[PDB]
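# Structural features, examined
For reference, the chains in residue letters:
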Amino acid sequence: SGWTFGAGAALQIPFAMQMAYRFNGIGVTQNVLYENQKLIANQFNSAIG
Amino acid sequence: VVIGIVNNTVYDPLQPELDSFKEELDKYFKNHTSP
Amino acid sequence: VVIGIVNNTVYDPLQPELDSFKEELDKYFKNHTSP
Ligand SMILES: *[C@@H]1O[C@H](CO)[C@@H](O[C@@H]2O[C@H](CO)[C@@H](O[C@@H]3O[C@H](CO)[C@@H](O)[C@H](O)[C@@H]3O)[C@H](O)[C@H]2NC(C)=O)[C@H](O)[C@H]1NC(C)=O
Ligand SMILES: *[C@@H]1O[C@H](CO)[C@@H](O[C@@H]2O[C@H](CO)[C@@H](O)[C@H](O)[C@H]2NC(C)=O)[C@H](O)[C@H]1NC(C)=O
Ligand SMILES: *[C@@H]1O[C@H](CO)[C@@H](O[C@@H]2O[C@H](CO)[C@@H](O)[C@H](O)[C@H]2NC(C)=O)[C@H](O)[C@H]1NC(C)=O
Ligand SMILES: *[C@@H]1O[C@H](CO)[C@@H](O)[C@H](O)[C@H]1NC(C)=O
Ligand SMILES: *[C@@H]1O[C@H](CO)[C@@H](O)[C@H](O)[C@H]1NC(C)=O
């Protein structure tokens, strides 16, 4: 549900396109996530291990 | 390259101010051909 | 539906362009009007 559940009703959102909202708030356009969706996932999967 | 892309049409916004001008620009070409 | 709205004119940025391109075509269109 993203951050929407801490500020009212809870609205769902696909997780693949929720990181695009977090990337947008940093200063990088949201296209760079979809270009490297597989590369970013492996970096997060490996760093959590 | 992106996963989940879908097919659709993106509306050109120059055309609405030019499609009416297509009845103007192209017709002006045809405006003097016949006479 | 808006309280306090006012009347004015919003000049499109294509207005100098139409006076330089559309009118240039019109100038070209008017060039063949006399003959
Ligand atoms: C911005 O411009 C528009 C259009 O020029 C103005 O709308 C016009 O407002 C007048 C108000 O007096 C309308 O006159 C009305 O005429 C009817 C009869 O048709 C009469 O029964 C009413 O008592 C009134 O006198 C006029 O029709 C109307 N024109 C259009 C095209 O809607 C508008 O008032 C202007 N903005 C401001 C803040 O004045
Ligand atoms: C950007 O950095 C990432 C992270 O190192 C690079 O991905 C690695 O690239 C090497 C080079 O072949 C591979 O051996 C690794 O397996 C890659 N890591 C993963 C998790 O896939 C990526 O190549 C870099 N991009 C550029 C353009 O240099
Ligand atoms: C979206 O449109 C493209 C463009 O036609 C589709 O790509 C075609 O895919 C078929 C396979 O079923 C190929 O035989 C065609 O040659 C492709 N077209 C081109 C121009 O290469 C694409 O399949 C469409 N997306 C979906 C989900 O149907
Ligand atoms: C053709 O040109 C004349 C001006 O000579 C104009 O009045 C007329 O509207 C034009 N025709 C069209 C279809 O716009
Ligand atoms: C108008 O047409 C004549 C005829 O060929 C040409 O010589 C002249 O250059 C044209 N005018 C413009 C502004 O192009």
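Residues numbered from 1 in each chain as written, not as in the entry; some residues may be left out. Chains lettered and ligands numbered in written order. Part of a larger assembly, values for the part shown. Heavy atoms only, no water.

- In the PDB archive, cryo-EM is given as the structure determination method for this entry, at a resolution of 3.3 Å.

- The PDB entry annotates chain A as Spike glycoprotein of Severe acute respiratory syndrome coronavirus 2.

### Section: the relation of the copies chain C and chain B
- Mapping chain C onto chain B calls for a rotation angle of 123° and an axial translation of 0.3 Å; the resulting RMSD is 1.6 Å. Taken together, the rotation and translation describe the operation of a three-fold axis. (Least-squares fit on C-alpha atoms.)

### Considerations on the layout of surface pockets
- Here the largest pocket defines a volume of roughly 260 Å³.
- Forming the boundary of the largest pocket are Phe15(A), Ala16(A), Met19(A), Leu33(A), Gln37(A), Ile40(A), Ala41(A), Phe44(A) and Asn45(A).
- With five residues, helix α3 (residues 37–47) of chain A is the largest single contributor of residues to the lining of the largest pocket.
- Looking at the lining of the largest pocket residue by residue, the classes come out as seven nonpolar, two polar and no charged.
- By volume, the second largest pocket amounts to about 190 Å³.
- Together, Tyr28(B), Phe29(B), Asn31(B), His32(B), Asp26(C), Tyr28(C), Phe29(C), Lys30(C), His32(C) and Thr33(C) line the second largest pocket.
- Across the lining of the second largest pocket, the residue classes tally to four nonpolar, four polar and two charged. (1 Å grid on protein atoms, 1.4 Å probe; cavity = no way out; pocket = protein on both sides within 12 Å on 5 of 7 lines; lining within 4 Å. Points joined across faces, edges and corners; volume = space filled by probe spheres on them. Helix = DSSP H or I, 4+ residues; strand = E, 2+ residues; numbered from the N terminus. Nonpolar A, V, L, I, M, F, W, Y, C, P; charged D, E, K, R; others polar.)

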